[PDB]
Amino acid sequence: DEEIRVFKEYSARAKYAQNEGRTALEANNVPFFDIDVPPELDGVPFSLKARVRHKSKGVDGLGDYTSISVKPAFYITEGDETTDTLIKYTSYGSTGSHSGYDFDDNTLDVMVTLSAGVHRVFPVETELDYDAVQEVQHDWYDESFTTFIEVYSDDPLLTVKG
Ligand SMILES: [Ca+2]
Ligand SMILES: [Ca+2]
């Protein structure tokens, strides 16, 4: 069995966000999930992933051939869920028009090194595309063309075996 530890699934489009700290993102209703890092993973790098869908064609009335640059990230509290400082994690960028075919879904795949205890994770889109700004007046904290279908880990360090 190739085990998968699911952390969360999201149906809503992820919001554009710069690294403005935990309080700012929560104020703007950026959904999150918490990960409780156990003592045996205290300060130990592990793999965190997301199934990511980019879909731009006609979204908010955007042109079907408009090129949209994307770069999803996790923003994760360095301290616990009550602290503000966030660390940025990215792994890929993509560009051009996006149809959002499930067989084209991308994978954010990062190495995360965290202290023991709870950390809050914000799945976000970090790239605000200028064509989007001009065509459909997208700005920071608007819903982007990026959706975190599922956040997960297939790292044996995190999964329940079976
Ligand atoms: Ca296995
Ligand atoms: Ca563009």
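In what follows, every heavy atom counts, from backbone to side chain, and hydrogens, waters and symmetry copies are set aside. Order of listing sets the numbers, starting from 1, for every ligand and every atom in it. Sequence positions, counted from 1, serve as the residue numbers for this chain.
Of the charged side-chain nitrogens involved, none lies within less than 4.0 Å of a carboxylate oxygen, so that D142 and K15 do not count as a salt-bridged pair.
The hydrophobic cluster containing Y101, built from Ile/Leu/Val/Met/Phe/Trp/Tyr side-chain heavy atoms closer than 4.5 Å, also comprises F103.
Among residues two or more places apart in sequence or in another chain, the ring pair (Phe, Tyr, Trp, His ring centres under 6.0 Å) test is passed with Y16 by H138.
Figure legend: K57 and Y65 shown as a cation-pi pair, the cationic atom lying under 6.0 angstrom from the six-membered ring centre and within 45 degrees of its axis.
Distances under 3.0 Å from the Ca ion (ligand 2) pick out the protein N/O/S atoms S67 O, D129 OD1, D129 OD2, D131 OD2.
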Extract all donor-acceptor atom pairs below 3.5 Å that involve side chains of residues 26-36 and protein atoms in other chains or at least two apart in sequence.
{"from": "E26", "atom 1": "OE2", "to": "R22", "atom 2": "NH1", "distance (Å)": "2.9"}
{"from": "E26", "atom 1": "OE2", "to": "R120", "atom 2": "NH1", "distance (Å)": "2.9"}
{"from": "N28", "atom 1": "ND2", "to": "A24", "atom 2": "O", "distance (Å)": "2.7"}
{"from": "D34", "atom 1": "OD1", "to": "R120", "atom 2": "NE", "distance (Å)": "2.8"}
{"from": "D34", "atom 1": "OD2", "to": "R120", "atom 2": "NH2", "distance (Å)": "3.0"}

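Nearest N, O or S atom of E3 to the Ca ion (ligand 1): atom OE1.
Heavy atoms from other residues, nucleotides or ligands lying under 6.0 Å from OH of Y130 number 12 at most.
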